[PDB]
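Printed here is work.txt (compact mmCIF, N, CA and C atoms):
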# COMPACT_ATOMS: atom_id res chain seq x y z
N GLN X 696 -82.05 140.30 114.11
CA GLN X 696 -82.28 139.48 115.29
C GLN X 696 -81.52 138.17 115.21
N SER X 697 -81.08 137.79 114.01
CA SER X 697 -80.15 136.68 113.91
C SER X 697 -78.78 137.10 114.40
N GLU X 698 -78.46 138.39 114.29
CA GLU X 698 -77.17 138.88 114.77
C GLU X 698 -77.20 139.12 116.27
N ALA X 699 -78.32 139.62 116.78
CA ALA X 699 -78.48 139.82 118.21
C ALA X 699 -78.88 138.52 118.91
N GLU X 700 -78.59 137.39 118.25
CA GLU X 700 -78.86 136.08 118.81
C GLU X 700 -77.61 135.21 118.78
N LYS X 701 -76.73 135.42 117.80
CA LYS X 701 -75.47 134.69 117.82
C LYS X 701 -74.58 135.17 118.95
N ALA X 702 -74.70 136.44 119.31
CA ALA X 702 -73.99 136.95 120.47
C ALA X 702 -74.71 136.58 121.76
N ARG X 703 -76.04 136.59 121.74
CA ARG X 703 -76.79 136.27 122.94
C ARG X 703 -76.61 134.82 123.34
N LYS X 704 -76.19 133.96 122.41
CA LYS X 704 -75.82 132.62 122.83
C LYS X 704 -74.54 132.66 123.64
N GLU X 705 -73.67 133.62 123.33
CA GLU X 705 -72.42 133.73 124.07
C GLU X 705 -72.66 134.30 125.46
N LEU X 706 -73.53 135.29 125.58
CA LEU X 706 -73.92 135.78 126.90
C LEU X 706 -74.55 134.68 127.73
N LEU X 707 -75.22 133.73 127.09
CA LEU X 707 -75.91 132.68 127.84
C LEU X 707 -74.95 131.61 128.33
N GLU X 708 -73.94 131.26 127.55
CA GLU X 708 -73.08 130.18 128.00
C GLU X 708 -72.07 130.68 129.03
N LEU X 709 -71.85 132.00 129.09
CA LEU X 709 -71.04 132.55 130.17
C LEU X 709 -71.83 132.63 131.46
N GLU X 710 -73.14 132.86 131.37
CA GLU X 710 -73.97 132.83 132.57
C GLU X 710 -74.09 131.41 133.11
N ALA X 711 -73.76 130.41 132.30
CA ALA X 711 -73.85 129.04 132.77
C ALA X 711 -72.60 128.67 133.56
N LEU X 712 -71.46 129.24 133.19
CA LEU X 712 -70.27 129.08 134.02
C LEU X 712 -70.43 129.85 135.32
N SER X 713 -70.96 131.06 135.25
CA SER X 713 -71.14 131.89 136.43
C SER X 713 -72.15 131.27 137.39
N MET X 714 -73.24 130.71 136.88
CA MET X 714 -74.25 130.15 137.77
C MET X 714 -73.76 128.85 138.39
N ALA X 715 -72.84 128.16 137.72
CA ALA X 715 -72.16 127.05 138.36
C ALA X 715 -71.48 127.50 139.64
N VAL X 716 -70.77 128.63 139.58
CA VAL X 716 -70.01 129.10 140.74
C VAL X 716 -70.94 129.44 141.89
N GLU X 717 -71.98 130.23 141.64
CA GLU X 717 -72.86 130.65 142.72
C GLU X 717 -73.53 129.48 143.41
N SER X 718 -73.64 128.33 142.73
CA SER X 718 -74.36 127.20 143.30
C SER X 718 -73.43 126.18 143.91
N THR X 719 -72.37 125.79 143.20
CA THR X 719 -71.44 124.84 143.79
C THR X 719 -70.67 125.46 144.94
N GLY X 720 -70.46 126.77 144.89
CA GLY X 720 -69.76 127.43 145.98
C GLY X 720 -70.62 127.58 147.21
N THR X 721 -71.91 127.84 147.02
CA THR X 721 -72.81 127.98 148.15
C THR X 721 -73.04 126.65 148.85
N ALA X 722 -73.23 125.58 148.08
CA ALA X 722 -73.49 124.28 148.69
C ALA X 722 -72.22 123.68 149.27
N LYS X 723 -71.07 123.96 148.65
CA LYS X 723 -69.80 123.53 149.22
C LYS X 723 -69.53 124.19 150.56
N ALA X 724 -70.01 125.42 150.73
CA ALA X 724 -69.70 126.17 151.94
C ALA X 724 -70.55 125.72 153.11
N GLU X 725 -71.85 125.52 152.88
CA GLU X 725 -72.75 125.15 153.97
C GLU X 725 -72.55 123.70 154.39
N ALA X 726 -71.94 122.89 153.54
CA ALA X 726 -71.76 121.49 153.88
C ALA X 726 -70.42 121.26 154.57
N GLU X 727 -69.38 122.01 154.18
CA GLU X 727 -68.10 121.86 154.86
C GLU X 727 -68.13 122.47 156.25
N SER X 728 -69.03 123.43 156.48
CA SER X 728 -69.18 123.95 157.83
C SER X 728 -69.77 122.90 158.76
N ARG X 729 -70.77 122.17 158.29
CA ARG X 729 -71.39 121.15 159.13
C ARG X 729 -70.45 119.98 159.37
N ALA X 730 -69.55 119.72 158.43
CA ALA X 730 -68.62 118.61 158.60
C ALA X 730 -67.57 118.94 159.64
N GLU X 731 -67.22 120.22 159.76
CA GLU X 731 -66.18 120.62 160.70
C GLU X 731 -66.71 120.67 162.12
N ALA X 732 -67.91 121.22 162.31
CA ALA X 732 -68.53 121.22 163.62
C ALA X 732 -68.74 119.81 164.14
N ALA X 733 -69.12 118.88 163.25
CA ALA X 733 -69.37 117.52 163.68
C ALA X 733 -68.08 116.76 163.94
N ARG X 734 -66.96 117.24 163.40
CA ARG X 734 -65.68 116.63 163.74
C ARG X 734 -65.21 117.06 165.12
N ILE X 735 -65.45 118.32 165.48
CA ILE X 735 -65.10 118.78 166.82
C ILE X 735 -65.92 118.04 167.86
N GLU X 736 -67.22 117.90 167.62
CA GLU X 736 -68.06 117.12 168.51
C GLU X 736 -67.60 115.67 168.58
N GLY X 737 -67.07 115.15 167.47
CA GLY X 737 -66.70 113.75 167.43
C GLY X 737 -65.39 113.46 168.13
N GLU X 738 -64.44 114.39 168.05
CA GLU X 738 -63.19 114.21 168.76
C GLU X 738 -63.36 114.50 170.24
N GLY X 739 -64.28 115.40 170.59
CA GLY X 739 -64.55 115.65 171.99
C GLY X 739 -65.29 114.51 172.65
N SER X 740 -66.20 113.87 171.91
CA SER X 740 -66.97 112.77 172.48
C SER X 740 -66.08 111.61 172.88
N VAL X 741 -64.98 111.40 172.16
CA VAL X 741 -64.06 110.34 172.53
C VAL X 741 -63.40 110.66 173.86
N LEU X 742 -62.97 111.91 174.04
CA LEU X 742 -62.42 112.33 175.32
C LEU X 742 -63.49 112.37 176.40
N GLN X 743 -64.63 113.00 176.11
CA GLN X 743 -65.72 113.06 177.08
C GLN X 743 -66.13 111.67 177.55
N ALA X 744 -66.16 110.70 176.64
CA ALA X 744 -66.49 109.33 177.02
C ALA X 744 -65.33 108.64 177.72
N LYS X 745 -64.16 109.25 177.72
CA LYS X 745 -63.02 108.65 178.40
C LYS X 745 -62.99 109.07 179.86
N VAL A 646 -110.58 177.56 72.91
CA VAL A 646 -111.23 178.85 72.78
C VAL A 646 -111.82 179.29 74.11
N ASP A 647 -112.55 178.40 74.78
CA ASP A 647 -113.25 178.78 76.00
C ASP A 647 -112.29 178.86 77.18
N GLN A 648 -112.56 179.80 78.08
CA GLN A 648 -111.69 180.00 79.23
C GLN A 648 -111.93 178.95 80.30
N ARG A 649 -113.18 178.54 80.48
CA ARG A 649 -113.50 177.57 81.52
C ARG A 649 -112.88 176.22 81.22
N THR A 650 -112.56 175.96 79.95
CA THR A 650 -111.77 174.78 79.63
C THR A 650 -110.33 174.96 80.06
N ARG A 651 -109.82 176.19 79.97
CA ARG A 651 -108.44 176.45 80.34
C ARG A 651 -108.27 176.42 81.86
N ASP A 652 -109.34 176.73 82.59
CA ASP A 652 -109.34 176.52 84.04
C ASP A 652 -109.29 175.04 84.37
N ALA A 653 -110.16 174.25 83.75
CA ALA A 653 -110.16 172.82 83.98
C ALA A 653 -108.81 172.20 83.67
N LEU A 654 -108.07 172.79 82.74
CA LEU A 654 -106.73 172.30 82.47
C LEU A 654 -105.72 172.86 83.46
N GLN A 655 -106.09 173.94 84.16
CA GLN A 655 -105.18 174.52 85.13
C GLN A 655 -105.12 173.70 86.41
N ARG A 656 -106.27 173.19 86.86
CA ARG A 656 -106.25 172.33 88.04
C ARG A 656 -105.58 171.00 87.73
N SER A 657 -105.44 170.66 86.45
CA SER A 657 -104.78 169.42 86.10
C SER A 657 -103.30 169.46 86.45
N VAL A 658 -102.69 170.64 86.42
CA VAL A 658 -101.25 170.71 86.65
C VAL A 658 -100.95 170.91 88.13
N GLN A 659 -101.84 171.58 88.86
CA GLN A 659 -101.67 171.70 90.30
C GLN A 659 -101.59 170.33 90.96
N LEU A 660 -102.37 169.38 90.46
CA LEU A 660 -102.23 168.00 90.91
C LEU A 660 -100.89 167.42 90.50
N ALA A 661 -100.49 167.61 89.25
CA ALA A 661 -99.25 166.99 88.78
C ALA A 661 -98.07 167.41 89.63
N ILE A 662 -98.10 168.63 90.17
CA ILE A 662 -97.02 169.07 91.04
C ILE A 662 -97.06 168.33 92.37
N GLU A 663 -98.24 168.27 93.00
CA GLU A 663 -98.36 167.61 94.30
C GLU A 663 -98.02 166.14 94.22
N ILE A 664 -98.02 165.58 93.02
CA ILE A 664 -97.70 164.17 92.87
C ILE A 664 -96.20 163.95 92.95
N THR A 665 -95.41 164.98 92.65
CA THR A 665 -93.96 164.84 92.75
C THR A 665 -93.45 165.28 94.12
N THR A 666 -94.17 166.19 94.79
CA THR A 666 -93.79 166.55 96.15
C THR A 666 -94.14 165.44 97.12
N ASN A 667 -95.19 164.67 96.83
CA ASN A 667 -95.53 163.55 97.69
C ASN A 667 -94.56 162.40 97.49
N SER A 668 -93.88 162.36 96.34
CA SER A 668 -93.03 161.22 96.04
C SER A 668 -91.65 161.38 96.66
N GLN A 669 -91.17 162.62 96.81
CA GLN A 669 -89.91 162.83 97.51
C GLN A 669 -90.11 162.71 99.01
N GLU A 670 -91.29 163.11 99.50
CA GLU A 670 -91.56 163.02 100.92
C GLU A 670 -91.79 161.58 101.35
N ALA A 671 -92.25 160.74 100.42
CA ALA A 671 -92.35 159.32 100.71
C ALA A 671 -91.03 158.60 100.46
N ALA A 672 -90.18 159.15 99.60
CA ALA A 672 -88.89 158.52 99.35
C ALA A 672 -87.88 158.92 100.41
N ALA A 673 -88.09 160.08 101.03
CA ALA A 673 -87.27 160.46 102.17
C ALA A 673 -87.62 159.63 103.39
N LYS A 674 -88.91 159.46 103.65
CA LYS A 674 -89.35 158.71 104.82
C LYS A 674 -88.88 157.27 104.77
N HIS A 675 -88.78 156.70 103.58
CA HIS A 675 -88.34 155.32 103.49
C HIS A 675 -86.85 155.20 103.75
N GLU A 676 -86.10 156.28 103.51
CA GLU A 676 -84.67 156.27 103.80
C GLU A 676 -84.41 156.60 105.27
N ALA A 677 -85.21 157.50 105.84
CA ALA A 677 -85.17 157.72 107.27
C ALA A 677 -85.40 156.42 108.03
N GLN A 678 -86.45 155.68 107.65
CA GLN A 678 -86.79 154.46 108.37
C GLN A 678 -85.76 153.36 108.15
N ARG A 679 -85.00 153.44 107.07
CA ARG A 679 -84.03 152.38 106.84
C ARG A 679 -82.81 152.58 107.72
N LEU A 680 -82.36 153.82 107.86
CA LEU A 680 -81.17 154.09 108.66
C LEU A 680 -81.48 153.95 110.14
N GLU A 681 -82.63 154.46 110.58
CA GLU A 681 -83.04 154.30 111.97
C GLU A 681 -83.00 152.85 112.40
N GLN A 682 -83.14 151.92 111.46
CA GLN A 682 -83.08 150.51 111.78
C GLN A 682 -81.65 149.99 111.72
N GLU A 683 -80.79 150.64 110.95
CA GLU A 683 -79.41 150.17 110.89
C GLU A 683 -78.68 150.51 112.18
N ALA A 684 -79.09 151.60 112.83
CA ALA A 684 -78.56 151.92 114.15
C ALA A 684 -79.10 150.96 115.20
N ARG A 685 -80.43 150.85 115.29
CA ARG A 685 -81.05 149.93 116.24
C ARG A 685 -80.48 148.53 116.12
N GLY A 686 -80.12 148.12 114.91
CA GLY A 686 -79.52 146.81 114.76
C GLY A 686 -78.19 146.70 115.47
N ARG A 687 -77.44 147.80 115.51
CA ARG A 687 -76.13 147.80 116.17
C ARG A 687 -76.25 148.14 117.64
N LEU A 688 -77.09 149.11 117.99
CA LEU A 688 -77.24 149.49 119.39
C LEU A 688 -77.74 148.33 120.22
N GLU A 689 -78.62 147.50 119.64
CA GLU A 689 -79.12 146.33 120.36
C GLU A 689 -78.07 145.23 120.41
N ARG A 690 -77.30 145.08 119.34
CA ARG A 690 -76.22 144.10 119.39
C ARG A 690 -75.10 144.54 120.31
N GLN A 691 -74.90 145.85 120.46
CA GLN A 691 -73.80 146.33 121.29
C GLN A 691 -74.09 146.11 122.76
N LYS A 692 -75.34 146.27 123.18
CA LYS A 692 -75.69 146.02 124.57
C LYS A 692 -75.40 144.58 124.96
N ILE A 693 -75.62 143.65 124.04
CA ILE A 693 -75.41 142.24 124.36
C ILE A 693 -73.93 141.92 124.40
N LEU A 694 -73.14 142.58 123.55
CA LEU A 694 -71.70 142.34 123.57
C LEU A 694 -71.05 142.96 124.80
N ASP A 695 -71.70 143.95 125.41
CA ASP A 695 -71.20 144.48 126.67
C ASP A 695 -71.50 143.54 127.82
So that I can check it, write out the structure of this file as structure tokens.
Amino acid sequence: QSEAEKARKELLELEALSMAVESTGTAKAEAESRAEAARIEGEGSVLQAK
Amino acid sequence: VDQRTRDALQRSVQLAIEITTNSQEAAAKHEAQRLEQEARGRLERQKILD
């Protein structure tokens, strides 16, 4: 179990790189979508107010 | 001289035999259990390396 643990530390630190991706990628995606929609509304509001 | 003494000595050897048959059957079982663990040690480590 000391041998099935020196490798299991390696399986764990690779899951930490992978879980970084699933989380930073998900939050990056839902936030850049809201920033783009609000830019369209913002450039239109300048014209609409003109 | 007496026969019933020779019987009492006859059951003495029937035991002596069973004492050596029990010792190989216990020495085999301890080797079976040792190898069965040398595989499990690798089969469990191999799943983690996959």
Could you list, as a short mmCIF file (atom, residue, chain, number, x, y, z; two decimals) with N, CA and C atoms, keeping the file's coordinate frame, the residues of chain X having an atom within 10 Å of chain A when counting only C-alpha atoms?
data_model
loop_
_atom_site.label_atom_id
_atom_site.label_comp_id
_atom_site.auth_asym_id
_atom_site.auth_seq_id
_atom_site.Cartn_x
_atom_site.Cartn_y
_atom_site.Cartn_z
N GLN X 696 -82.05 140.30 114.11
CA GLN X 696 -82.28 139.48 115.29
C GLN X 696 -81.52 138.17 115.21
N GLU X 698 -78.46 138.39 114.29
CA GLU X 698 -77.17 138.88 114.77
C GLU X 698 -77.20 139.12 116.27
N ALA X 699 -78.32 139.62 116.78
CA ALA X 699 -78.48 139.82 118.21
C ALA X 699 -78.88 138.52 118.91
N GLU X 700 -78.59 137.39 118.25
CA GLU X 700 -78.86 136.08 118.81
C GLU X 700 -77.61 135.21 118.78
N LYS X 701 -76.73 135.42 117.80
CA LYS X 701 -75.47 134.69 117.82
C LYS X 701 -74.58 135.17 118.95
N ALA X 702 -74.70 136.44 119.31
CA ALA X 702 -73.99 136.95 120.47
C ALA X 702 -74.71 136.58 121.76
N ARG X 703 -76.04 136.59 121.74
CA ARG X 703 -76.79 136.27 122.94
C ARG X 703 -76.61 134.82 123.34
N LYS X 704 -76.19 133.96 122.41
CA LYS X 704 -75.82 132.62 122.83
C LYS X 704 -74.54 132.66 123.64
N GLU X 705 -73.67 133.62 123.33
CA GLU X 705 -72.42 133.73 124.07
C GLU X 705 -72.66 134.30 125.46
N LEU X 706 -73.53 135.29 125.58
CA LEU X 706 -73.92 135.78 126.90
C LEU X 706 -74.55 134.68 127.73
#
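Note that the spacing between atom N of residue 683 in chain A and CA of residue 670 in chain A amounts to 19.2 Å.
Here atom C of residue 669 in chain A stands at a distance of 17.0 Å from CA of residue 681 in chain A.
Coordinates place CA of residue 672 in chain A at a distance of 24.9 Å from CA of residue 656 in chain A.
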Fix up range 697-717 of chain X with N, CA, C and O atoms, then write it as a compact mmCIF listing (two decimals), in the frame of the given file.
# COMPACT_ATOMS: atom_id res chain seq x y z
N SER X 697 -81.08 137.79 114.01
CA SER X 697 -80.15 136.68 113.91
C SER X 697 -78.78 137.10 114.40
O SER X 697 -78.00 136.26 114.88
N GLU X 698 -78.46 138.39 114.29
CA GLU X 698 -77.17 138.88 114.77
C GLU X 698 -77.20 139.12 116.27
O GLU X 698 -76.24 138.83 116.97
N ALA X 699 -78.32 139.62 116.78
CA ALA X 699 -78.48 139.82 118.21
C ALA X 699 -78.88 138.52 118.91
O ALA X 699 -79.44 138.51 120.00
N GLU X 700 -78.59 137.39 118.25
CA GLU X 700 -78.86 136.08 118.81
C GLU X 700 -77.61 135.21 118.78
O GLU X 700 -77.44 134.35 119.64
N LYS X 701 -76.73 135.42 117.80
CA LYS X 701 -75.47 134.69 117.82
C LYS X 701 -74.58 135.17 118.95
O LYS X 701 -73.78 134.40 119.49
N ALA X 702 -74.70 136.44 119.31
CA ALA X 702 -73.99 136.95 120.47
C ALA X 702 -74.71 136.58 121.76
O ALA X 702 -74.07 136.28 122.77
N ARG X 703 -76.04 136.59 121.74
CA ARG X 703 -76.79 136.27 122.94
C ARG X 703 -76.61 134.82 123.34
O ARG X 703 -76.85 134.45 124.50
N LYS X 704 -76.19 133.96 122.41
CA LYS X 704 -75.82 132.62 122.83
C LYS X 704 -74.54 132.66 123.64
O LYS X 704 -74.32 131.82 124.52
N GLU X 705 -73.67 133.62 123.33
CA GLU X 705 -72.42 133.73 124.07
C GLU X 705 -72.66 134.30 125.46
O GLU X 705 -72.05 133.84 126.44
N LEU X 706 -73.53 135.29 125.58
CA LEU X 706 -73.92 135.78 126.90
C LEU X 706 -74.55 134.68 127.73
O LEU X 706 -74.43 134.68 128.96
N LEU X 707 -75.22 133.73 127.09
CA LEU X 707 -75.91 132.68 127.84
C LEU X 707 -74.95 131.61 128.33
O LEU X 707 -75.13 131.09 129.44
N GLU X 708 -73.94 131.26 127.55
CA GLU X 708 -73.08 130.18 128.00
C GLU X 708 -72.07 130.68 129.03
O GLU X 708 -71.49 129.89 129.78
N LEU X 709 -71.85 132.00 129.09
CA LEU X 709 -71.04 132.55 130.17
C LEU X 709 -71.83 132.63 131.46
O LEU X 709 -71.27 132.49 132.55
N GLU X 710 -73.14 132.86 131.37
CA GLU X 710 -73.97 132.83 132.57
C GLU X 710 -74.09 131.41 133.11
O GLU X 710 -74.49 131.21 134.26
N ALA X 711 -73.76 130.41 132.30
CA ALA X 711 -73.85 129.04 132.77
C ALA X 711 -72.60 128.67 133.56
O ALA X 711 -72.66 127.85 134.48
N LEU X 712 -71.46 129.24 133.19
CA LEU X 712 -70.27 129.08 134.02
C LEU X 712 -70.43 129.85 135.32
O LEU X 712 -70.08 129.34 136.40
N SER X 713 -70.96 131.06 135.25
CA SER X 713 -71.14 131.89 136.43
C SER X 713 -72.15 131.27 137.39
O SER X 713 -71.96 131.32 138.61
N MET X 714 -73.24 130.71 136.88
CA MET X 714 -74.25 130.15 137.77
C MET X 714 -73.76 128.85 138.39
O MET X 714 -74.21 128.46 139.47
N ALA X 715 -72.84 128.16 137.72
CA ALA X 715 -72.16 127.05 138.36
C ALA X 715 -71.48 127.50 139.64
O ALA X 715 -71.60 126.84 140.68
N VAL X 716 -70.77 128.63 139.58
CA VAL X 716 -70.01 129.10 140.74
C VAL X 716 -70.94 129.44 141.89
O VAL X 716 -70.72 129.00 143.03
N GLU X 717 -71.98 130.23 141.64
CA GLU X 717 -72.86 130.65 142.72
C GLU X 717 -73.53 129.48 143.41
O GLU X 717 -73.95 129.60 144.57
